[PDB]
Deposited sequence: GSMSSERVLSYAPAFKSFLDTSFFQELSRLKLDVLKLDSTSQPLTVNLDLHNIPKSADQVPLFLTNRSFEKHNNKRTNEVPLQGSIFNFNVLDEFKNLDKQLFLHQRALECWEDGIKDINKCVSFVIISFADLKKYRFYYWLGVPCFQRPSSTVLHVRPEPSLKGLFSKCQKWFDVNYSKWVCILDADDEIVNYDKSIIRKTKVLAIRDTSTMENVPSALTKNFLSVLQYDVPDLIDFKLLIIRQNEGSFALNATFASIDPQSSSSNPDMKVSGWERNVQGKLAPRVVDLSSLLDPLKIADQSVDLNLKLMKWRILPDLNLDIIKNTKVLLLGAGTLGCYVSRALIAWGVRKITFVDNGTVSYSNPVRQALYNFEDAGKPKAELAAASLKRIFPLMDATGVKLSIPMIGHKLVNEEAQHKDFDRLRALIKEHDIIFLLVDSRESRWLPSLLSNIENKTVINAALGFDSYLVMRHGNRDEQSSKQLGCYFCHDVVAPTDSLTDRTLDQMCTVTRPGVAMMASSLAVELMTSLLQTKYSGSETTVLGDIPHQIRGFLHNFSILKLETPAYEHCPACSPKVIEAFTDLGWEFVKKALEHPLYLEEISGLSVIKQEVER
């Protein structure tokens, strides 16, 4: 009932991304570098046939934290600077040369003959990593094998050997003296007693680790005259076994390159790109922040309608800058700025998209660029365009005509229009166009300590009915911040379905007009009806516009009386 001894592969490698991140870190600094891994032979996953060899960033540290019974296996890593070199190196020769170092050190101390090696190539442009593990297992001589038959009568020695290897973690083997006690390997004491134990990394039943080849090879060098002995394969599990062994037939045979997932002999590849893609990471974490508002707080809150809303902003000033900042925060991906201005040196202090160095550049194009600078995935366009004020004679008729046409094109193609402009008279032309094109409109107007926020979308528009919304008005800083956020909050609240029978939504009330005041810290809410005589509303004006086009626009701008008479307001 005797058999020849076979072997399982010594180790099973797992390299955590920290190892490659740490390997990358050193490729930017300065040959092989030393590695140290702690083996846990008490707890081995069932899925594995050998103890897992686990590498991290801390594996580069020469002395790291160990648990009590763990075994500090030592090794080295060879990093080639060109992929072609990595391929063309002979694997069978290289692992042999490592084994010679293992064989050499094994004669000095039999416990230093076990190690590992990692050949590697780091591609830092694609962040791709090629590695191959190997364990320098050597059978010396190549012809000499081991015949074994079980001897269960030795099972009483297992515990003695288990607790011995636990205590001495730097020792891979042990023998018996004349007193039947466990001690260190000695060539003298072993020839007499003929009992040798090996710490086993294999969980394969009656199949010891290939490392055993190394120990039996050193045994034959030290004690050439020992043909027959007893071999103990010691495991921290219940699967330890004793073997009655004999040697039966210089040249050394070196094996132990690690197979891959497919069982073929071939390197492993890890692709760490997508750590190189911060645009996608930022995109996903940002959306996931948004989703947290939905699942945790307001389950029926609709995010997708806000993300899919195309927003036109009229004016790039203080309001426009903050409004767009509150919009990209709410997940809005498409914003179009319209401004005729240029960034002044003073602008950045009240206008939150610009910097001092940005003076002299066109605002509209720059505001959009600034959004992409905050969050690189944004559909953001500036348009340099003038909005004609009513009650003024046209400065350039042909030019403003083009800009009139371009404004309607912009309004039609956008879902919601914000009126952020500087003055009351600048609101009229967009209010009319947005009426015709059936677009939802939010207004924001600034007074000294007061602000106004309302929705056009019957409710009726801005024009439907002291420092507020004037060209020269200088406002307290707080006013613009207040009005900007209330505008966006009104807009998001407006895109939500109304609860049955009431005005409210999932985000709460949706008032018609909000008028805030800084001195008393108070918010007023007022609801206004639509008016048949309004200059920007009335069907009389709407049908006048449809019929006469730009000619009705031109005359209304230069002569508001003509507009008031059409609407029947005078």
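Going by the record, the unmodelled stretches of the deposited sequence, in order, are 1-4, 35-39, 259-267, 476-483, 492-502, 608-615.
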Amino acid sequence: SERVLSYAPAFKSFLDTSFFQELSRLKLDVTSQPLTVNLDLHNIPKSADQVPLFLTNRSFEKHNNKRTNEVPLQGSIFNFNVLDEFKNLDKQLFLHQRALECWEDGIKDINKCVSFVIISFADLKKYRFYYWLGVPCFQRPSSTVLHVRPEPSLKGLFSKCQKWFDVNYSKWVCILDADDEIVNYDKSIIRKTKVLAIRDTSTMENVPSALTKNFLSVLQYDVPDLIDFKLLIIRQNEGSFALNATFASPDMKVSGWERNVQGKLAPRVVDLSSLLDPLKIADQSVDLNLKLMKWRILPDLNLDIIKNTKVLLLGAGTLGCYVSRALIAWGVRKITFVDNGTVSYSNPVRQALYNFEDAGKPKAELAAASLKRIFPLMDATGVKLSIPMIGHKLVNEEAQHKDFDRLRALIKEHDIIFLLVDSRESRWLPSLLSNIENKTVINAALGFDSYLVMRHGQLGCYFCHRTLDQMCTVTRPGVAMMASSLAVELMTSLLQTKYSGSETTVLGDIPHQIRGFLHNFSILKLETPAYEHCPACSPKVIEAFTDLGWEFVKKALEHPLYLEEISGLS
From here on, numbers count along this sequence of modelled residues.
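Averaged over CA atoms, B-factors in the entry run higher in 238-246 than in the other of 347-355 and 238-246. Checked against the record, the higher mean CA B factor of 155-163 and 322-330 lies with 155-163.
Per the deposited record, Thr473 carries the highest C-alpha B-factor of all listed residues (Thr440, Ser450, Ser485, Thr473). Taking only the listed residues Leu313, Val383, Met491, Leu176, the entry reports the highest CA temperature factor at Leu176. Sort the chain's modelled residues by C-alpha temperature factor and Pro136 lands in the middle third, per the entry. Among the modelled residues of its chain, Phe375 has a C-alpha B-factor that falls in the lowest third, as given in the PDB entry. Compared with the other modelled residues of the chain, the Cα B-factor recorded for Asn38 ranks in the lowest third. The deposited CA B-factor of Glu181 belongs to the highest third of values across its chain. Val51 sits in the lowest third of its chain by CA B factor, as recorded in the PDB entry.
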